[PDB]
>>> print(open('start_28.txt').read())   # compact mmCIF, C-alpha atoms and all ligand atoms
# COMPACT_ATOMS: atom_id res chain seq x y z
CA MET A 1 134.67 101.57 107.60
CA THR A 2 131.18 102.35 108.90
CA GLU A 3 128.63 99.67 108.08
CA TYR A 4 125.04 100.86 108.12
CA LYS A 5 122.36 98.27 108.64
CA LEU A 6 119.27 99.37 106.71
CA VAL A 7 116.12 97.33 106.68
CA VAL A 8 113.38 97.78 104.03
CA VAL A 9 109.81 97.29 105.31
CA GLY A 10 106.37 98.06 103.99
CA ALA A 11 103.37 96.35 102.47
CA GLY A 12 103.47 93.61 99.87
CA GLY A 13 104.53 94.80 96.49
CA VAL A 14 105.26 98.50 97.15
CA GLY A 15 108.71 98.03 95.69
CA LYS A 16 111.04 97.20 98.65
CA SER A 17 113.03 94.68 96.58
CA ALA A 18 113.07 96.90 93.50
CA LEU A 19 114.46 99.77 95.63
CA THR A 20 117.19 97.58 97.21
CA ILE A 21 118.16 95.95 93.88
CA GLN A 22 118.29 99.34 92.15
CA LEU A 23 120.47 100.60 94.99
CA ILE A 24 122.69 97.51 95.13
CA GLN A 25 122.72 96.22 91.58
CA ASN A 26 121.62 99.21 89.54
CA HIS A 27 118.98 97.35 87.63
CA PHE A 28 115.22 97.49 87.85
CA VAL A 29 114.06 94.01 88.89
CA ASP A 30 110.75 94.62 87.03
CA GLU A 31 109.27 91.44 88.55
CA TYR A 32 107.30 90.69 91.65
CA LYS A 33 109.59 88.00 92.89
CA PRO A 34 107.78 88.03 96.21
CA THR A 35 110.39 88.17 98.92
CA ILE A 36 110.99 85.82 101.71
CA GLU A 37 114.10 87.70 102.92
CA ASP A 38 117.31 88.94 101.28
CA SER A 39 120.59 90.41 102.67
CA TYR A 40 122.59 92.74 100.29
CA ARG A 41 125.61 95.00 100.75
CA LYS A 42 127.36 97.63 98.66
CA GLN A 43 130.28 99.93 99.31
CA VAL A 44 129.03 103.38 98.58
CA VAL A 45 129.87 107.01 99.15
CA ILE A 46 127.40 109.14 101.19
CA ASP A 47 128.29 112.80 101.90
CA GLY A 48 131.91 111.99 101.06
CA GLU A 49 131.93 108.93 103.42
CA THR A 50 132.92 105.70 101.77
CA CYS A 51 130.90 103.25 103.83
CA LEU A 52 129.17 99.94 103.54
CA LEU A 53 125.38 99.73 103.13
CA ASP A 54 123.90 96.45 104.28
CA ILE A 55 120.23 96.15 103.19
CA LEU A 56 117.88 93.57 104.70
CA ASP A 57 115.02 93.39 102.23
CA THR A 58 111.93 92.01 103.97
CA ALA A 59 108.69 90.20 102.98
CA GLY A 60 105.94 92.78 103.21
CA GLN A 61 103.51 90.03 102.07
CA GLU A 62 102.24 90.10 105.75
CA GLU A 63 102.22 86.35 106.38
CA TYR A 64 105.61 86.71 107.98
CA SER A 65 105.11 89.50 110.51
CA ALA A 66 106.51 87.15 113.17
CA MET A 67 109.58 86.41 110.91
CA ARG A 68 110.04 90.12 110.58
CA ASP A 69 110.33 90.66 114.37
CA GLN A 70 113.35 88.64 115.06
CA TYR A 71 115.02 89.66 111.84
CA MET A 72 114.47 93.49 112.29
CA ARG A 73 116.15 93.56 115.71
CA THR A 74 119.38 93.50 113.67
CA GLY A 75 118.65 96.72 111.74
CA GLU A 76 119.86 100.16 112.75
CA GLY A 77 117.63 102.13 110.37
CA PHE A 78 114.41 101.33 108.60
CA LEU A 79 113.02 102.31 105.18
CA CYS A 80 109.26 102.44 105.53
CA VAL A 81 108.00 101.93 101.98
CA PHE A 82 104.58 102.48 100.43
CA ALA A 83 103.72 103.03 96.79
CA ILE A 84 102.27 106.39 95.85
CA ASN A 85 99.66 104.54 93.78
CA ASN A 86 98.42 102.34 96.72
CA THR A 87 96.69 104.10 99.55
CA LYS A 88 96.26 100.84 101.41
CA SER A 89 100.08 100.55 101.47
CA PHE A 90 100.27 104.11 102.83
CA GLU A 91 97.84 103.31 105.65
CA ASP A 92 99.84 100.08 106.24
CA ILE A 93 102.88 102.24 107.18
CA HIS A 94 101.58 102.91 110.76
CA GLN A 95 101.80 99.15 111.34
CA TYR A 96 105.32 98.68 110.11
CA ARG A 97 106.51 101.71 112.02
CA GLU A 98 104.81 100.56 115.22
CA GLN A 99 106.29 97.06 114.87
CA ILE A 100 109.78 98.54 114.41
CA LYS A 101 109.42 100.83 117.40
CA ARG A 102 108.19 97.72 119.31
CA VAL A 103 111.15 95.60 118.19
CA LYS A 104 113.71 98.23 119.01
CA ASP A 105 111.80 99.32 122.17
CA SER A 106 112.21 102.99 121.11
CA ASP A 107 109.92 105.78 119.89
CA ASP A 108 112.89 107.30 118.02
CA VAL A 109 114.34 104.62 115.73
CA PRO A 110 116.33 105.85 112.70
CA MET A 111 113.74 105.65 109.90
CA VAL A 112 112.69 107.25 106.72
CA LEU A 113 109.28 107.17 104.96
CA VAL A 114 109.48 106.22 101.24
CA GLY A 115 106.74 106.77 98.67
CA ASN A 116 107.87 104.52 95.82
CA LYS A 117 106.59 104.25 92.22
CA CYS A 118 106.51 108.00 91.49
CA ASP A 119 106.98 107.24 87.79
CA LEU A 120 103.36 105.99 87.83
CA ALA A 121 100.59 108.35 86.63
CA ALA A 122 98.30 106.51 88.99
CA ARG A 123 99.09 108.63 92.15
CA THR A 124 96.55 107.98 94.91
CA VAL A 125 98.65 109.34 97.84
CA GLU A 126 99.37 113.04 97.72
CA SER A 127 103.08 113.98 98.29
CA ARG A 128 101.83 116.40 100.90
CA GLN A 129 99.97 113.61 102.79
CA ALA A 130 103.12 111.53 102.98
CA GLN A 131 105.26 114.56 103.89
CA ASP A 132 102.83 115.21 106.68
CA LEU A 133 102.90 111.57 107.73
CA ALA A 134 106.67 111.62 107.89
CA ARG A 135 106.56 114.95 109.80
CA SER A 136 104.16 113.41 112.33
CA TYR A 137 106.80 110.67 112.80
CA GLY A 138 109.67 113.14 113.02
CA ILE A 139 111.36 111.31 110.12
CA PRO A 140 112.38 112.26 106.53
CA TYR A 141 110.24 111.57 103.55
CA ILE A 142 111.76 110.55 100.22
CA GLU A 143 109.87 109.97 96.98
CA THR A 144 111.40 107.37 94.70
CA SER A 145 111.01 105.35 91.59
CA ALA A 146 112.92 102.06 91.62
CA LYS A 147 111.98 101.81 87.93
CA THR A 148 113.78 105.04 86.90
CA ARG A 149 116.20 105.06 89.91
CA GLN A 150 114.83 108.55 90.72
CA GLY A 151 115.34 109.14 94.50
CA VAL A 152 116.66 105.65 95.18
CA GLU A 153 120.05 106.56 96.57
CA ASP A 154 118.29 109.42 98.38
CA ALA A 155 116.01 106.96 100.24
CA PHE A 156 118.73 104.62 101.52
CA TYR A 157 121.24 107.47 101.99
CA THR A 158 118.95 109.76 103.88
CA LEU A 159 118.35 106.75 106.14
CA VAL A 160 122.11 106.55 106.67
CA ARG A 161 121.90 110.23 107.67
CA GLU A 162 119.21 109.26 110.19
CA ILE A 163 121.38 106.49 111.67
CA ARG A 164 124.30 108.93 111.96
CA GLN A 165 122.47 111.76 113.66
CA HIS A 166 120.95 109.23 116.05
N1 LIG B 201 106.67 101.34 87.83
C1 LIG B 201 107.28 100.92 88.95
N2 LIG B 201 107.16 99.63 89.30
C2 LIG B 201 107.76 99.17 90.40
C3 LIG B 201 108.56 100.09 91.23
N3 LIG B 201 109.05 99.36 92.25
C4 LIG B 201 108.61 98.12 92.10
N4 LIG B 201 107.85 97.99 91.00
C5 LIG B 201 107.20 96.76 90.51
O1 LIG B 201 106.07 96.36 91.29
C6 LIG B 201 106.10 94.95 91.54
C7 LIG B 201 106.40 94.67 93.00
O2 LIG B 201 107.73 95.10 93.33
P1 LIG B 201 108.59 94.45 94.50
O3 LIG B 201 109.94 95.14 94.53
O4 LIG B 201 108.62 92.95 94.29
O5 LIG B 201 107.67 94.66 95.85
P2 LIG B 201 108.08 94.17 97.31
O6 LIG B 201 107.68 95.23 98.33
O7 LIG B 201 109.66 93.96 97.26
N5 LIG B 201 107.22 92.69 97.53
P3 LIG B 201 107.11 91.75 98.97
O8 LIG B 201 106.92 92.48 100.38
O9 LIG B 201 106.18 90.60 98.83
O10 LIG B 201 108.61 91.20 98.95
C8 LIG B 201 107.19 94.43 90.62
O11 LIG B 201 106.59 94.14 89.36
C9 LIG B 201 108.16 95.58 90.47
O12 LIG B 201 108.94 95.52 89.29
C10 LIG B 201 108.65 101.48 90.79
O13 LIG B 201 109.29 102.34 91.42
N6 LIG B 201 108.01 101.82 89.66
MG MG B 202 110.32 92.04 97.94
>>> encode(input="start_28.txt", output="structure tokens")
Amino acid sequence: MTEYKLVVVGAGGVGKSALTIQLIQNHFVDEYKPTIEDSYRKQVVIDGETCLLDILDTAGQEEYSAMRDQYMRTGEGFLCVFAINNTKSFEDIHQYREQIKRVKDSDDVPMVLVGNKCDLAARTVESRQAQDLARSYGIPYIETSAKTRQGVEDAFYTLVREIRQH
């Protein structure tokens, strides 16, 4: 069966791990257990396709940008995560995207943009700003909350759709 190699990137604490764990383990981690790196997989169904989703959950905590390089090479698709309550994380997106394009030596890498933490009243990034940012990338935008699981499958699964149509 098709294995899809998803990698989760984005600034420190936007909810990369929470998204992955909600996807994989169906529980809200509810803890900044700052990541070093973690590999997960789950057999899932996407558009009727039973497939495997491998998720490489990466340390956004930008002290390991050089660890990220070698490790991202492996990924086929990338979830670019910010938190809708952290504009600095939204600005940080350009960097992660650029690095990924660098690493894969391609302007057109399967990717999605993810605004996480949409349960939070504290929105500082408009949905339309992120939709526009994704559009400027020619990639999907998904809004999620790892807390409530709202949009979580959508984020990883829409990235599978990117990998496929690539
Ligand atoms: N309310 C809410 N909180 C969230 C959400 N996602 C993550 N959090 C919380 O915010 C904190 C940071 O989440 P985490 O998943 O560790 O961030 P990260 O991007 O994986 N961290 P790093 O790059 O260092 O590994 C945790 O307390 C976590 O429970 C969300 O969708 N909603
Ligand atoms: Mg993490």
>>> closest_residue(input="start_28.txt", among="A:10, A:151, A:77, A:110", to="ligand MG 202 (chain B)", atoms="all atoms listed in the file")
A:10
>>> closest_residue(input="start_28.txt", among="A:16, A:27, A:97, A:33", to="residue A:83", atoms="all atoms listed in the file")
A:16
>>> atom_distance(input="start_28.txt", atom1="atom CA of residue A:145", atom2="atom CA of residue A:115")
8.4 Å
>>> atom_distance(input="start_28.txt", atom1="atom CA of residue A:73", atom2="atom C4 of ligand LIG 201 (chain B)")
25.2 Å
>>> closest_atom_pairs(input="start_28.txt", of="chain A", to="ligand MG 202 (chain B)", cutoff="6 Å", atoms="all atoms listed in the file", output="CSV")
residue,atom,partner,partner_atom,distance
A:16,CA,B:MG202,MG,5.3
A:17,CA,B:MG202,MG,4.0
A:34,CA,B:MG202,MG,5.1
A:35,CA,B:MG202,MG,4.0
A:59,CA,B:MG202,MG,5.6
>>> write_last_selection(input="start_28.txt", atoms="C-alpha atoms", output="CSV table (one decimal), in the coordinates of the input")
chain,number,residue,atom,x,y,z
A,16,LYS,CA,111.0,97.2,98.6
A,17,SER,CA,113.0,94.7,96.6
A,34,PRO,CA,107.8,88.0,96.2
A,35,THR,CA,110.4,88.2,98.9
A,59,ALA,CA,108.7,90.2,103.0
>>> atom_distance(input="start_28.txt", atom1="atom CA of residue A:13", atom2="atom CA of residue A:155")
17.1 Å
>>> residues_near_ligand(input="start_28.txt", ligand="ligand LIG 201 (chain B)", cutoff="8 Å", atoms="only C-alpha atoms and all ligand atoms", output="short mmCIF file (atom, residue, chain, number, x, y, z; two decimals) with C-alpha atoms, keeping the file's coordinate frame")
data_model
loop_
_atom_site.label_atom_id
_atom_site.label_comp_id
_atom_site.auth_asym_id
_atom_site.auth_seq_id
_atom_site.Cartn_x
_atom_site.Cartn_y
_atom_site.Cartn_z
CA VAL A 9 109.81 97.29 105.31
CA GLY A 10 106.37 98.06 103.99
CA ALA A 11 103.37 96.35 102.47
CA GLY A 12 103.47 93.61 99.87
CA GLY A 13 104.53 94.80 96.49
CA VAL A 14 105.26 98.50 97.15
CA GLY A 15 108.71 98.03 95.69
CA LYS A 16 111.04 97.20 98.65
CA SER A 17 113.03 94.68 96.58
CA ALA A 18 113.07 96.90 93.50
CA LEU A 19 114.46 99.77 95.63
CA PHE A 28 115.22 97.49 87.85
CA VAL A 29 114.06 94.01 88.89
CA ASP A 30 110.75 94.62 87.03
CA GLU A 31 109.27 91.44 88.55
CA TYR A 32 107.30 90.69 91.65
CA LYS A 33 109.59 88.00 92.89
CA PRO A 34 107.78 88.03 96.21
CA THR A 35 110.39 88.17 98.92
CA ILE A 36 110.99 85.82 101.71
CA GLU A 37 114.10 87.70 102.92
CA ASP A 57 115.02 93.39 102.23
CA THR A 58 111.93 92.01 103.97
CA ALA A 59 108.69 90.20 102.98
CA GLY A 60 105.94 92.78 103.21
CA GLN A 61 103.51 90.03 102.07
CA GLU A 62 102.24 90.10 105.75
CA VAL A 81 108.00 101.93 101.98
CA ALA A 83 103.72 103.03 96.79
CA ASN A 116 107.87 104.52 95.82
CA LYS A 117 106.59 104.25 92.22
CA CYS A 118 106.51 108.00 91.49
CA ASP A 119 106.98 107.24 87.79
CA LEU A 120 103.36 105.99 87.83
CA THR A 144 111.40 107.37 94.70
CA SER A 145 111.01 105.35 91.59
CA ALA A 146 112.92 102.06 91.62
CA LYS A 147 111.98 101.81 87.93
CA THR A 148 113.78 105.04 86.90
CA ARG A 149 116.20 105.06 89.91
#
>>> closest_residue(input="start_28.txt", among="A:8, A:100, A:44, A:23", to="residue A:114", atoms="all atoms listed in the file")
A:8
>>> residues_around(input="start_28.txt", residues="residue A:74", least_positions_apart="3", cutoff="9 Å", atoms="all atoms listed in the file", output="ChimeraX atom specification")
/A:5,7,70-71
>>> closest_residue(input="start_28.txt", among="A:21, A:109, A:160, A:139", to="residue A:6", atoms="all atoms listed in the file")
A:160
>>> closest_residue(input="start_28.txt", among="A:51, A:93, A:45, A:66", to="residue A:130", atoms="all atoms listed in the file")
A:93
>>> residues_around(input="start_28.txt", residues="residue A:129", least_positions_apart="3", cutoff="12 Å", atoms="only C-alpha atoms", output="mmCIF file with C-alpha atoms, keeping the file's coordinate frame")
data_model
loop_
_atom_site.group_PDB
_atom_site.id
_atom_site.type_symbol
_atom_site.label_atom_id
_atom_site.label_comp_id
_atom_site.auth_asym_id
_atom_site.auth_seq_id
_atom_site.Cartn_x
_atom_site.Cartn_y
_atom_site.Cartn_z
ATOM 1 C CA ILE A 84 102.270 106.390 95.850
ATOM 2 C CA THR A 87 96.690 104.100 99.550
ATOM 3 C CA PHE A 90 100.270 104.110 102.830
ATOM 4 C CA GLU A 91 97.840 103.310 105.650
ATOM 5 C CA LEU A 113 109.280 107.170 104.960
ATOM 6 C CA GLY A 115 106.740 106.770 98.670
ATOM 7 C CA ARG A 123 99.090 108.630 92.150
ATOM 8 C CA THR A 124 96.550 107.980 94.910
ATOM 9 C CA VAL A 125 98.650 109.340 97.840
ATOM 10 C CA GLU A 126 99.370 113.040 97.720
ATOM 11 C CA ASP A 132 102.830 115.210 106.680
ATOM 12 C CA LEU A 133 102.900 111.570 107.730
ATOM 13 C CA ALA A 134 106.670 111.620 107.890
ATOM 14 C CA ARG A 135 106.560 114.950 109.800
ATOM 15 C CA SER A 136 104.160 113.410 112.330
ATOM 16 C CA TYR A 141 110.240 111.570 103.550
#
>>> build_atoms(input="start_28.txt", residues="stretch 110-144 of chain A", atoms="N, CA and C atoms", output="PDB file, in the frame of the given file")
ATOM      1  N   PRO A 110     115.997 105.258 113.998  1.00  0.00           N
ATOM      2  CA  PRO A 110     116.330 105.850 112.700  1.00  0.00           C
ATOM      3  C   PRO A 110     115.435 105.265 111.588  1.00  0.00           C
ATOM      4  N   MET A 111     114.679 106.126 110.907  1.00  0.00           N
ATOM      5  CA  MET A 111     113.740 105.650 109.900  1.00  0.00           C
ATOM      6  C   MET A 111     113.571 106.767 108.902  1.00  0.00           C
ATOM      7  N   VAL A 112     113.184 106.355 107.704  1.00  0.00           N
ATOM      8  CA  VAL A 112     112.690 107.250 106.720  1.00  0.00           C
ATOM      9  C   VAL A 112     111.371 106.661 106.158  1.00  0.00           C
ATOM     10  N   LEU A 113     110.486 107.536 105.715  1.00  0.00           N
ATOM     11  CA  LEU A 113     109.280 107.170 104.960  1.00  0.00           C
ATOM     12  C   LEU A 113     109.601 107.272 103.448  1.00  0.00           C
ATOM     13  N   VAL A 114     109.203 106.248 102.676  1.00  0.00           N
ATOM     14  CA  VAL A 114     109.480 106.220 101.240  1.00  0.00           C
ATOM     15  C   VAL A 114     108.185 105.965 100.460  1.00  0.00           C
ATOM     16  N   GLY A 115     107.810 106.946  99.663  1.00  0.00           N
ATOM     17  CA  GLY A 115     106.740 106.770  98.670  1.00  0.00           C
ATOM     18  C   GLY A 115     107.406 106.367  97.373  1.00  0.00           C
ATOM     19  N   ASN A 116     107.254 105.091  97.014  1.00  0.00           N
ATOM     20  CA  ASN A 116     107.870 104.520  95.820  1.00  0.00           C
ATOM     21  C   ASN A 116     106.874 104.538  94.663  1.00  0.00           C
ATOM     22  N   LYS A 117     107.390 104.319  93.457  1.00  0.00           N
ATOM     23  CA  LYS A 117     106.590 104.250  92.220  1.00  0.00           C
ATOM     24  C   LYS A 117     106.049 105.556  91.743  1.00  0.00           C
ATOM     25  N   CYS A 118     106.825 106.632  91.929  1.00  0.00           N
ATOM     26  CA  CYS A 118     106.510 108.000  91.490  1.00  0.00           C
ATOM     27  C   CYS A 118     106.578 108.239  89.983  1.00  0.00           C
ATOM     28  N   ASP A 119     107.169 107.314  89.250  1.00  0.00           N
ATOM     29  CA  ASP A 119     106.980 107.240  87.790  1.00  0.00           C
ATOM     30  C   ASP A 119     105.528 106.961  87.317  1.00  0.00           C
ATOM     31  N   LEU A 120     104.703 106.391  88.187  1.00  0.00           N
ATOM     32  CA  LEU A 120     103.360 105.990  87.830  1.00  0.00           C
ATOM     33  C   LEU A 120     102.401 107.182  87.845  1.00  0.00           C
ATOM     34  N   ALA A 121     101.665 107.353  86.746  1.00  0.00           N
ATOM     35  CA  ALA A 121     100.590 108.350  86.630  1.00  0.00           C
ATOM     36  C   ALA A 121      99.524 108.160  87.679  1.00  0.00           C
ATOM     37  N   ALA A 122      99.329 106.909  88.066  1.00  0.00           N
ATOM     38  CA  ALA A 122      98.300 106.510  88.990  1.00  0.00           C
ATOM     39  C   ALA A 122      98.460 106.943  90.471  1.00  0.00           C
ATOM     40  N   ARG A 123      98.906 108.174  90.756  1.00  0.00           N
ATOM     41  CA  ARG A 123      99.090 108.630  92.150  1.00  0.00           C
ATOM     42  C   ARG A 123      97.724 108.615  92.863  1.00  0.00           C
ATOM     43  N   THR A 124      97.682 107.963  94.014  1.00  0.00           N
ATOM     44  CA  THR A 124      96.550 107.980  94.910  1.00  0.00           C
ATOM     45  C   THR A 124      96.920 108.600  96.275  1.00  0.00           C
ATOM     46  N   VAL A 125      98.209 108.726  96.590  1.00  0.00           N
ATOM     47  CA  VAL A 125      98.650 109.340  97.840  1.00  0.00           C
ATOM     48  C   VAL A 125      99.270 110.683  97.477  1.00  0.00           C
ATOM     49  N   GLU A 126      98.710 111.778  97.973  1.00  0.00           N
ATOM     50  CA  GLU A 126      99.370 113.040  97.720  1.00  0.00           C
ATOM     51  C   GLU A 126     100.755 113.054  98.387  1.00  0.00           C
ATOM     52  N   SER A 127     101.734 113.681  97.718  1.00  0.00           N
ATOM     53  CA  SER A 127     103.080 113.980  98.290  1.00  0.00           C
ATOM     54  C   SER A 127     102.956 114.715  99.615  1.00  0.00           C
ATOM     55  N   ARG A 128     101.962 115.614  99.704  1.00  0.00           N
ATOM     56  CA  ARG A 128     101.830 116.400 100.900  1.00  0.00           C
ATOM     57  C   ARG A 128     101.323 115.519 102.019  1.00  0.00           C
ATOM     58  N   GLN A 129     100.438 114.559 101.721  1.00  0.00           N
ATOM     59  CA  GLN A 129      99.970 113.610 102.790  1.00  0.00           C
ATOM     60  C   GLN A 129     101.087 112.813 103.385  1.00  0.00           C
ATOM     61  N   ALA A 130     101.953 112.283 102.514  1.00  0.00           N
ATOM     62  CA  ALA A 130     103.120 111.530 102.980  1.00  0.00           C
ATOM     63  C   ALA A 130     104.133 112.414 103.700  1.00  0.00           C
ATOM     64  N   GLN A 131     104.373 113.616 103.188  1.00  0.00           N
ATOM     65  CA  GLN A 131     105.260 114.560 103.890  1.00  0.00           C
ATOM     66  C   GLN A 131     104.758 114.856 105.296  1.00  0.00           C
ATOM     67  N   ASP A 132     103.451 114.997 105.406  1.00  0.00           N
ATOM     68  CA  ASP A 132     102.830 115.210 106.680  1.00  0.00           C
ATOM     69  C   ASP A 132     102.964 113.988 107.548  1.00  0.00           C
ATOM     70  N   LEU A 133     102.841 112.799 106.951  1.00  0.00           N
ATOM     71  CA  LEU A 133     102.900 111.570 107.730  1.00  0.00           C
ATOM     72  C   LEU A 133     104.284 111.452 108.275  1.00  0.00           C
ATOM     73  N   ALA A 134     105.293 111.609 107.415  1.00  0.00           N
ATOM     74  CA  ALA A 134     106.670 111.620 107.890  1.00  0.00           C
ATOM     75  C   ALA A 134     106.897 112.639 108.981  1.00  0.00           C
ATOM     76  N   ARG A 135     106.389 113.866 108.795  1.00  0.00           N
ATOM     77  CA  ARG A 135     106.560 114.950 109.800  1.00  0.00           C
ATOM     78  C   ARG A 135     105.973 114.553 111.139  1.00  0.00           C
ATOM     79  N   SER A 136     104.818 113.889 111.093  1.00  0.00           N
ATOM     80  CA  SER A 136     104.160 113.410 112.330  1.00  0.00           C
ATOM     81  C   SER A 136     104.996 112.356 113.040  1.00  0.00           C
ATOM     82  N   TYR A 137     105.828 111.627 112.273  1.00  0.00           N
ATOM     83  CA  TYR A 137     106.800 110.670 112.800  1.00  0.00           C
ATOM     84  C   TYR A 137     108.121 111.267 113.256  1.00  0.00           C
ATOM     85  N   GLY A 138     108.347 112.532 112.946  1.00  0.00           N
ATOM     86  CA  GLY A 138     109.670 113.140 113.020  1.00  0.00           C
ATOM     87  C   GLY A 138     110.723 112.393 112.225  1.00  0.00           C
ATOM     88  N   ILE A 139     110.371 111.928 111.025  1.00  0.00           N
ATOM     89  CA  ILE A 139     111.360 111.310 110.120  1.00  0.00           C
ATOM     90  C   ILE A 139     111.292 111.932 108.697  1.00  0.00           C
ATOM     91  N   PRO A 140     112.403 111.824 107.934  1.00  0.00           N
ATOM     92  CA  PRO A 140     112.380 112.260 106.530  1.00  0.00           C
ATOM     93  C   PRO A 140     111.378 111.510 105.650  1.00  0.00           C
ATOM     94  N   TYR A 141     110.875 112.190 104.639  1.00  0.00           N
ATOM     95  CA  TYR A 141     110.240 111.570 103.550  1.00  0.00           C
ATOM     96  C   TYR A 141     111.094 111.673 102.276  1.00  0.00           C
ATOM     97  N   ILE A 142     111.206 110.579 101.552  1.00  0.00           N
ATOM     98  CA  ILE A 142     111.760 110.550 100.220  1.00  0.00           C
ATOM     99  C   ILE A 142     110.784 109.933  99.271  1.00  0.00           C
ATOM    100  N   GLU A 143     110.638 110.531  98.096  1.00  0.00           N
ATOM    101  CA  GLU A 143     109.870 109.970  96.980  1.00  0.00           C
ATOM    102  C   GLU A 143     110.777 109.296  95.998  1.00  0.00           C
ATOM    103  N   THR A 144     110.424 108.083  95.580  1.00  0.00           N
ATOM    104  CA  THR A 144     111.400 107.370  94.700  1.00  0.00           C
ATOM    105  C   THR A 144     110.661 106.803  93.535  1.00  0.00           C
TER     106      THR A 144
END
